[PDB]
Structures are given as structure tokens and as C-alpha cells.
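Comments concern the structure below.
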Amino acid sequence: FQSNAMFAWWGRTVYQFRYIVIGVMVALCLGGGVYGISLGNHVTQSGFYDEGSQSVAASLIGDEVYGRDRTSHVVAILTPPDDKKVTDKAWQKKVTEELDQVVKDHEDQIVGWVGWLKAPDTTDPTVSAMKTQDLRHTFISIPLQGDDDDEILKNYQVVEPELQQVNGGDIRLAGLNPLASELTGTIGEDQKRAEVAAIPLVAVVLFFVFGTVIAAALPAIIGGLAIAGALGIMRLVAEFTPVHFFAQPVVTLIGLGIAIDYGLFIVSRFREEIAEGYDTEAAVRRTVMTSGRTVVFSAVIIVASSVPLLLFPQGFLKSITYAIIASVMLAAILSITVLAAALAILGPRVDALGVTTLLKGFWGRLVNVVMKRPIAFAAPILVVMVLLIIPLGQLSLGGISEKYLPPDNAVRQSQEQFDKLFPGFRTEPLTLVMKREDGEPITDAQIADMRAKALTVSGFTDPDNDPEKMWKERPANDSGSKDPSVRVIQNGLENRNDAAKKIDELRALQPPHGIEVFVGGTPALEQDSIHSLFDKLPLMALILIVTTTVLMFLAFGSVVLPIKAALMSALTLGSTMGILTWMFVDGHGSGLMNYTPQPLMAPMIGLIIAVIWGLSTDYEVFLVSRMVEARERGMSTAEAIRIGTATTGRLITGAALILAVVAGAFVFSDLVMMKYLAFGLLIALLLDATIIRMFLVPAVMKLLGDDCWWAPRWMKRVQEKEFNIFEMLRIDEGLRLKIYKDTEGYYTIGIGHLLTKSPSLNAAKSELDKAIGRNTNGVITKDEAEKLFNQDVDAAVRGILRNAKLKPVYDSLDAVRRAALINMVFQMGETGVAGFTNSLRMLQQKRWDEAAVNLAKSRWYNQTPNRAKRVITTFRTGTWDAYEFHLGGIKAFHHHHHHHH
Ligand SMILES: CCCCCCCCCCCCOC[C@H]1O[C@H](O[C@H]2O[C@H](CO)[C@@H](O)[C@H](O)[C@H]2O)[C@H](O)[C@@H](O)[C@@H]1O
Ligand SMILES: CCCCCCCCCCCCOC[C@H]1O[C@H](O[C@H]2O[C@H](CO)[C@@H](O)[C@H](O)[C@H]2O)[C@H](O)[C@@H](O)[C@@H]1O
Ligand SMILES: CCCCCCCCCCCCOC[C@H]1O[C@H](O[C@H]2O[C@H](CO)[C@@H](O)[C@H](O)[C@H]2O)[C@H](O)[C@@H](O)[C@@H]1O
Ligand SMILES: CCCCCCCCCCCCOC[C@H]1O[C@H](O[C@H]2O[C@H](CO)[C@@H](O)[C@H](O)[C@H]2O)[C@H](O)[C@@H](O)[C@@H]1O
Ligand SMILES: NC(=O)CN(CC(=O)O)CC(=O)O
Ligand SMILES: NC(=O)CN(CC(=O)O)CC(=O)O
């Protein structure tokens, strides 16, 4: 197809422009990094709700007209010391004056403080309930300035240190903002843990995979450049659209490790090509094509896995999707630009340093034992994996809670103690946001209409249970427009699980003539977000599976192998998900890992599907692409499966561990979503690297035999010219379809075929006419050029076999190397080639490197380097590589020895 041509071209190009390529990109990545460390201050917490939903609309209109609810912003429990009681007016006058001072110094941050302590002598029942009956505790509400979740949080964090200093420190902060501050604060300490724990462990695995530090350090450097540039990109993205807090760790959680993984396969392929006698220039090229195709494909596949998340309306998922795309794409680009150019500069110098630089057939035999008893391995694996999908039915979803923090988090407990000491104040009522399209006020009888319709609905709370007093109007503060065209009534909920049922019932209520009813509230926001997820989820899965399977099909050529991978990834997914619900819903490991068993966040299930599927699909490509390579190379399905396994065995383990290590740092996050996400990686990865790669894939793949490989769509993949000795010497000696004079001035034609040494052109035409058995008047076709070439080769080979000095080395050589030997014979004759007694002897003993080195010291190499180097490289590698990608064209044509007639 189209894809195989470009990687070749780019392979020669990264070498031709090494220093420029490595200079521009590192500058950009470091430039991005310096630009992208400011990411963290242009970062949002919002985006968990469905922006196009009625609840959000109800919220928007509600905060617009009535003012946003700031009563729950900051809540502070106060405890007088020395067992003094809250009613102690001496303690009151001192504490309140402290409070007034904090407000006085921060009017740009704090609206004020509300509570019993402001007017201790009130018979207002609700206000008098802001103190416990034992008079040991009293709480205040501290509404903050700001017009979005982010500004309000920043305002809290400004006043928090001085606020915590109230009452001699004996004050406990809780509410929306102390939790938000703690929840978002987990990001910063999760990455620090990654720098402290993950980074040194990555270096160990990196050095484990390779044998030297330079080869080990390069993927690490790529990862860092990927992070830097991706953070820079994400910073740029923050200029045009909100970027969530959670986007940052995703860059390091996913991008880094995957960037290391990509770099791991490039350096390993380069090292592998240098192991063969390939030039540095050649190694980078071949490496780039093979590895790049897999890495480039792997990146696009993850992009194809992340893009479907854009179907979901949660801005949370959009920011993360961008971050993933930016990361893995920059990773792929870096791994075939900066890294390739670096290897081109280094060459074999990658294997310079060893463990000692101090300053400060297992897979072979593991894969074949499986193959002849594949079903003994398949069946039990698939049963468990399906049985690991059984805890999935218990999966539940919910909104953000204080339970998202660990049970021993001080801020979570301040909250849990607020709800324990003051049980009534924490409410989440459903709202009926009424809006007349008409611009005139809503009458009292019009609200009476809606209340009557609302009182009809069954399960709303009735403390103080008169219906008249149910569905109170939402409190209005100074931030509201107070437009009489909009009025909001709200009631709490009885039994709060059933919100979806009663929300949908509130919307089924027919609005009094001429009004649009917007049903909102925290459970409404959360429910709409959940419904939005389930709605776009079947479509996501569709696009997710199709795009990746198609991409794997362009990467493999097989139709079956990609479809096989789809089922594999689906079962890896379903199994990993079941274990997670087993872990985070049923709470298995919750004690060990210090998290609370609870419903999972709805958009989190979208993210984890995409990440797992994309990661699972990549690790199939990492493995199968080699198998495919083997088959294309031409091998039975059996050994094709094996070759692919043994070649990538150590590599995929290291690639897995490096990613597993970083994930294993994030599993210790105080944020359950992060814990949950990080575990999804580990579990899916461990299942992929072991159960899938080593057992289930090679087992299955053999069952299909050669059916696994390309099946249908004949001609979908193009058979390609298989290089030959003519094409070889077409390059070295030229292909001329018309009689011409060579450098010695003699009439030559075809591939270095001397017609005659006669000055007479007609004599040459006469001999040419004779040779083709047809009047040519000096012109032949390509077929006749080959026909004549083959006679010359036959003559060359005949004489070679009659030469005692040439026959033994020739008989021992494979077809390709024979062509190189024949090439030499053509250029200098048997006696000329026979003069190479030692190198011939080295070739007969298959000491290619020794022969290649010794042949380069010849006068033959000196007088004709490009052809010699081409022939020598062919001896060394035994492949048509030096000819399949030769530089240019040759200018001086010379007729060869052994012109037959
Ligand atoms: C890294 C993980 C971090 C997780 C952070 C979660 C911690 C607690 C969340 C804090 C949310 C503050 O909730 C309180 C507010 O909720 C709604 O407004 C919010 O929802 C609307 C529709 O979306 C938006 O229009 C408003 O801008 C937006 O303030 C209400 O209308 C407001 O009356 C109320 O004040
Ligand atoms: C996940 C985190 C969840 C955290 C949950 C936290 C919920 C906290 C709820 C706090 C409700 C406290 O409300 C306190 C009271 O303030 C105002 O009283 C007025 O008293 C004086 C005479 O009017 C004047 O100073 C002012 O006009 C005004 O203060 C309202 O008029 C009352 O109706 C309201 O009851
Ligand atoms: C090398 C690998 C490269 C990989 C990098 C991947 C990054 C992809 C980033 C895609 C983000 C595109 O942003 C899309 C968003 O932009 C818009 O802004 C404009 O509309 C806003 C109101 O909507 C107003 O504030 C303004 O009029 C205006 O700025 C809106 O926010 C969204 O309606 C829209 O969805
Ligand atoms: C499969 C391949 C292997 C991959 C796994 C590699 C893992 C590498 C990272 C491991 C670093 C260990 O970090 C230990 C972390 O825990 C400590 O105590 C806490 O421990 C649990 C929560 O962290 C709870 O017990 C409590 O909340 C609290 O006591 C500190 O609070 C943290 O500061 C410290 O960072
Ligand atoms: N193949 C060669 O270049 C051998 N030459 C050169 C050498 O290796 O000394 C000498 C010989 O004829 O044995
Ligand atoms: N004559 C040329 O320009 C090509 N050169 C190639 C070279 O110098 O190595 C000689 C040949 O191929 O016969």
C-alpha cells in the first residue's frame, strides 16, 4: 500500500539531516516544557456534568437569578479550649473578632462568615441548630468570592492558612472547598511520588532490557521530552478550552511510560540491526521503517481509542483525551525523529558504556510448548476471564464525595464530623427552575400550580410535614439578578437512590401554560451525567472497535488477526473491569490500599475503557507485528508465532514493567478515581503481558494456522518484486536498451554486455542483431536485456565452477551472496576475484564481518567504493538491502567480464 513507501524515505532523511532534526525537536520539546510548567495554574476542576443537560441549564439559570449557593463553600467547626463551652461570651468575642479580621483582610476572597456565633441570642431554630446541645461545638459558614469553581477554590486556598489559625488552631474546615482543595491536591503529590519512586525503577528496568546505559538512557530521555512537549501542548490548549486537573497526571501516567515503550522498541531494533552487519545509515532506515510502522500505528491506535471519548459531554473527558493524544502522538513523533537521529549519530556507540560508569531460549521454548497443546491452555484461560466478568454486574455509579479521599484524611473527617455533629444542614435538593419564555413575572398562583403538581410526586422529604411548606423557594442572595421571570422551588429527597425515577417524573409533569421547567440539583446533575454516559457508550464502543481493528488490519495485512485482537482486547477489558468492581465496589483490597468501597464516577468508566482498550491493542501490535514480519519473511505459522514471541519477549516484559512501575506509583493516590484508573492499567497490563502475550495469543494463532494470516481481500496487499541478481547489477552496471560506448570506448548494451571492440557501430549492430536473432538497429527491450544478462551470468557461474579457487566459496554461499560474488566476477574477472584468497576463505567459513572488513581494505574498494560497499554489505548481511535502497545512480558504465555470445 501507500504506507510502506514513506517510512523508507523518512529513514534515509533522518540520517541525512541528523543534527538539524535533533536540534529543532529538542528545542521545541524543551521550549514546550518551559512553556508547560505553568500548566497547573490554568487548570480546572469542573467538567463532571453534562453541559447540555437540563440540570446544568437549571443550575445556570438558578445561579443567575437567585445567586449561586455559597452556603456550603466553607464550613468551620469551632471548639472552645479547656472544656469551655460555646456560650462563653469571652470566647465568643475573641473568636468572632479573629473571624472579622480574616474577612476584613480578604474581602476579595471572602463574602463573610455566617453562623450562630454572629448572633448567639437568636430563637431562630435553624440558626440555633448551628451549635450542639452540649455547647462544646459550633460551626459557621464562610461563603467565598468568585464566579466559578476554580476562582472560589483559589480564594479558599488564600484564606485557609489564616482561617486555620482561628481559635488557636482549634478550628476544623470542611465543605465544598476544603474537600476540593484536598482532592485536587492529590495530583501534585501523585506526580512527586512518580518522580521519587517511578523514575529510578524505570531506569532499572530500562537497563535490565538492554545491556548498556546509553541504549538504556535514550528511551528515558524521549519520555521526558514527550512529557515536556505534551505539557506545553496542553498549556497551549488551555488558552482556547478548559483543561482539567486530571489531564496532568494522565500525561505522566500514560504518556511517559508509553513514550518509554515506543523508545524501547526503536533502540532495540537499531541495536538488532547493528548486530547484523548493517551500516549505521542502513540500521536507522530499517529500524525506522519497521519500528516506526509499529510505533506510529500504535500511537494512532491509541488516538483512535481516545477520540471516541469526545462523544461524551464531560469536559473532564475532553481534556484528558487531548492530553492522551498529545502525549502518545508526540511520543511516536519523538521516537522516530529525535531518537532515530540520535542513533544515527551514535551508531554502534550506543553500546559503549556498561554497568561500570560510576560518578555519584526461554521465550523460545515457552512459546512452542504452548503451541502443540494450545487448547489445553486456551480453554482454562477463557473460562476464568469470563468468570472475571461476573463481578461487573455489581458495578454502580455515583458523584464526587468526601469518600473519594482515604478514611484517615483529616479533611474527609472534618466533613464526616460536620455531618455527625450537625446532621441537618448538608442537603442536596432537587430544583424546579421555572422560566417563562414571556418576559413578565411569575404569579403566586402560578407557583401554586407547580407546587400542586410537585406535591403530587411521591417521595420528597417532609420534615415538618405540611405539604404547603414543602417545595420552599430557593434562597436568594445578593449575587442574583432576581428577575421575576424566573422562580425556583426545591425540596430534598426521601431515600436518594431513586432520584433518576423522581427526576424523570418531575419532567413529565406538565408545566403550567407558557413556562419551560428546568429540573436541577446535585443529584440531577449527577444523574444526567450518568445517563449521558450510558447513552453515548454503545456508540463509543462501536467507533472504538472499528477504528482500531481497521488500523491493526493496515498494520498487519491480516483480516483475521485484527478481529482476533478485538476479541482478545474485549475479554481483557471485561476481565479487568470485573476485578476493579471487585476491588472498588465490593471493596476487596480496600483495607490493604486504604480506600473506601463506593460507586465509581460515571465518566471514569468511559476513560478506563478507552485507555485499557488502546493499551491492550498496542501490546498486540508490539507482538504480532513481529510475527507478521516473520511470515512476510516467509515462515510457517508455527515458527512465525515463535519468532515474534522470542524477539519481543524480553522487550515487551520491559515495556510492560516500565509502564507497570509508573502505574504502581499512582495506585497509592489518595484520590479513588486515580487509584481506580491506575489499577486498571496494572491489571489490564499484567493480563496482557502474561496471560495474553505468552499463552492465549500463540495458542489461538496456531489454531488458525495460516488462516490467521491474511485471508480475504485478495490483492488487498500487493505482492512485490523480489529482488534479484539482474536488479542488483542493473544498479551497479546500468541498464541500457540502446547501443552505447562505455568508458573504454567500446560498444556496449544491456547490463554491461560488450558487443564488440570494433570501432564500427554497424559491426556492433551486426553482432547485436546476431545475438538477439533479430534486426535491432541498435535497440533492444528490457526482456532481451535480461535474456542477454542471464547468458552472461550463466557464463560467469560456469567459469566460477571450473575455478578451484572460486568454486568452494561459491558452493557454500546462499543465493544472495552468490550474486555478490558473481557481481565481483563481472567487474574484475575470475582471476581478479580469485586474488581475494583470504576474504573468500572468510566467506566460505561464513565469517561475514571479518570478510566485510577485509574486503574494504582492497584496492577494489578504493577505486570503486560505492559498488564495493554495496557488494560488501551484501556479503555481510546476506540481503538485497544495499541495493533496494541505493543512493542515486551511477555515471561511468563499464562492460563486465564474461560477455557470452
Ligand atoms: C480532581 C478532582 C476534584 C473534584 C472537585 C469536586 C469537589 C466538589 C465540587 C465543587 C462544586 C461546587 O458546587 C457548588 C455549586 O454547584 C452548582 O454550580 C456548579 O455546577 C453548575 C452547573 O455545572 C456550574 O454552572 C457552576 O459553575 C458550578 O459552580 C450550583 O449551581 C451552585 O449553586 C453551587 O454553588
Ligand atoms: C460537601 C460539603 C457539604 C457541606 C454542607 C454545609 C451546609 C451549610 C449550610 C449553612 C446554612 C446557614 O444558614 C444561616 C442563615 O443565614 C441567614 O441568616 C441571616 O441572619 C441575620 C439576620 O437575617 C443576618 O446576619 C443575615 O441576613 C443572615 O445571616 C439566612 O437568612 C438564614 O436563612 C440562614 O439559615
Ligand atoms: C502533536 C500532537 C497534537 C495533539 C494535540 C491535541 C489537542 C486538541 C485540542 C482541541 C481543542 C479545540 O477546542 C474546542 C473548543 O474551543 C472553543 O473555544 C471557542 O469557543 C468558546 C466557547 O465555546 C469561546 O471561549 C471562544 O469563542 C473560543 O475560544 C470552545 O471552548 C468549545 O466550544 C470548543 O469545543
Ligand atoms: C508490578 C510491578 C511493581 C509496580 C509497583 C511499584 C510501586 C512504587 C511506588 C510505591 C511507593 C510507596 O509509597 C508509600 C506511600 O505510602 C505512605 O503511607 C501511606 O501508605 C498508603 C497510602 O499511601 C496508606 O497506608 C496510607 O494512606 C499512608 O499511610 C505515605 O503516606 C506516602 O507518602 C508514600 O508515598
Ligand atoms: N581477500 C583478500 O583481500 C586477501 N588478500 C589480502 C590479505 O588479506 O592479506 C591477500 C590474499 O590473497 O590472501
Ligand atoms: N562508475 C560509477 O560511477 C559507479 N562506480 C561505483 C563506485 O565508485 O563505487 C563504479 C561502478 O559501479 O562500476
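Counting starts with 1 at the first residue shown.
Each Cβ is built from the backbone N, Cα and C atoms, and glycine gets one as well.
Annotated in Swiss-Prot:
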BINDING   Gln45, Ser46, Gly47, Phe48, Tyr49  1,2-diacylglycero-3-phosphoethanolamine binding site
BINDING   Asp618  SQ109 binding site
COMPBIAS  466-485  compositional bias 'Basic and acidic residues'
REGION    458-486  region 'Disordered'
SITE      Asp261  site 'Part of the proton-transportation channel'
SITE      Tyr262  site 'Part of the proton-transportation channel'
SITE      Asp618  site 'Part of the proton-transportation channel'
SITE      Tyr619  site 'Part of the proton-transportation channel'
TOPO_DOM  6-19  topological domain 'Cytoplasmic'
TOPO_DOM  267-295  topological domain 'Cytoplasmic'
TOPO_DOM  625-651  topological domain 'Cytoplasmic'
TRANSMEM  20-40  transmembrane segment
TRANSMEM  202-222  transmembrane segment
TRANSMEM  223-243  transmembrane segment
TRANSMEM  246-266  transmembrane segment
TRANSMEM  296-316  transmembrane segment
TRANSMEM  323-343  transmembrane segment
TRANSMEM  375-395  transmembrane segment
TRANSMEM  541-561  transmembrane segment
TRANSMEM  565-585  transmembrane segment
TRANSMEM  604-624  transmembrane segment
TRANSMEM  652-672  transmembrane segment
TRANSMEM  677-697  transmembrane segment
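Features as listed in the PDB entry:
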SEQADV    1-5  expression tag
SEQADV    884-901  expression tag
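DSSP assigns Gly47 (1,2-diacylglycero-3-phosphoethanolamine binding site) to coil, not to a helix or a strand. Cα of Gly47 (1,2-diacylglycero-3-phosphoethanolamine binding site) to Cα of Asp618 (SQ109 binding site): a span of 29 Å.
For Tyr262 (site 'Part of the proton-transportation channel'), the same-chain residues 6+ apart in sequence whose C-beta sits under 8 angstroms from its C-beta are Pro219, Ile222, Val295, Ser298, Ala299, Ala331, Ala332, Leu334, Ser335.
For the region 'Disordered' (458-486), the DSSP counts in helix, strand and coil order read 3 helix, 4 strand, 22 coil.
According to its DSSP assignment, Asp261 (site 'Part of the proton-transportation channel') is helical. Taking pairs at least six residues apart, the transmembrane segment (246-266) and the transmembrane segment (565-585) share fewer than three Cβ pairs below 8 Å and do not count as touching.
Taking Cβ pairs closer than 8 Å, the topological domain 'Cytoplasmic' (625-651) reaches residues 209, 264-265, 268, 290, 293-294, 297, 361-364, 366-368, 371, 555-558, 561, 693-694, 698, 701-702, 704-706, 708-709 in its own chain, all 6 or more past its ends.
Ranked by Cβ neighbours within 10 A across all protein chains shown, the binding-site residues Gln45, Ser46 are led by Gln45.
The separation of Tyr49 (1,2-diacylglycero-3-phosphoethanolamine binding site) from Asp618 (SQ109 binding site), Cα to Cα, is 31 Å.
Listed in sequence order, the recorded positions among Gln45, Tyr49, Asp261 whose CB lies under 6 angstroms from an atom of ligand 1 come out as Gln45, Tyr49. Two residues, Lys360 and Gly361, bracket 32 residues absent from the model, and the distance between their Cα atoms is 36 angstrom.
Outside the transmembrane segment (604-624), and at least 6 residues removed from its termini, the chain residues within Cβ reach (under 8 Å) are 254, 258, 261, 265, 294, 297-298, 301-302, 304-306, 308-309, 312, 314, 317, 320-321, 324, 395, 397, 533, 537, 540-541, 544, 548, 552, 555-556, 561, 565, 568-569, 572-573, 576-577, 580, 644-645, 648, 651-652, 655-656, 659, 673, 676-677, 680-681, 684-685, 688-689, 692-693, 697.
There are 28 other CB atoms within 10 A of the CB of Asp618 (SQ109 binding site), with all protein chains counted.
The stretches the transmembrane segment (541-561) and the transmembrane segment (223-243) are not in mutual contact, being linked by fewer than three Cβ pairs under 8 Å (pairs 6 or more apart in sequence). The recorded positions under consideration are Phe48, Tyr49, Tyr619. Their Cβ neighbour counts within 10 Å are lowest for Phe48. Burial estimate for the recorded positions (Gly47, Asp261): highest at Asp261, by number of other CB atoms within 10 Å.
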